[PDB]
C-alpha cells in the first residue's frame, strides 16, 4: 500500500496529476491509500496520452478495459477515427505552410513598416 506521493514517484508523475485524474473519474477508489491497481491504471493513462488521446477517449477505453466481456470493436473504431483526424490535420497544416510561405514572399529584407508587404497584404 502507498500514499499518493509514493504512487506518483512509481508512475513518474506529479501528485497534482494523480489528483487531476481522480477529479476526472479516471482512477478507481483508493487518509487515502493506493496499490498496484492504481499504478497500472496510471501507466495505462500515460501510454494513451502519449498517443494523443483525449480524456474522453481514455475514459471510454478504461470503461471497456474494466468490462472484459464486452466486444472490442469500438476500440478499433476509436483508433480509426483518431487516425482520420490526424490525416485531415496534416492536410490543413501543409496548406497553412504554403499560405505562410506566400505571405513571407510578399516582403524583402530592407523596408519600413509603412511599406511592409506582409502588413500591407493583411490590411
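Positions refer to the first chain, counted from 1.
The entry models residue 30 and residue 31 with a gap of 4 to 9 deposited residues left without coordinates. Annotation for 92-100 versus 56-64: the higher mean temperature factor (C-alpha) is found in 56-64. When 111-119 is weighed against 20-28, 20-28 comes out higher, by mean CA B-factor as recorded in the entry. Listed residues 84, 45, 77, 70 were ranked by CA B-factor as deposited; 70 comes out on top.
The PDB entry assigns residue 49 a C-alpha temperature factor belonging to the lowest third of its chain's modelled residues.
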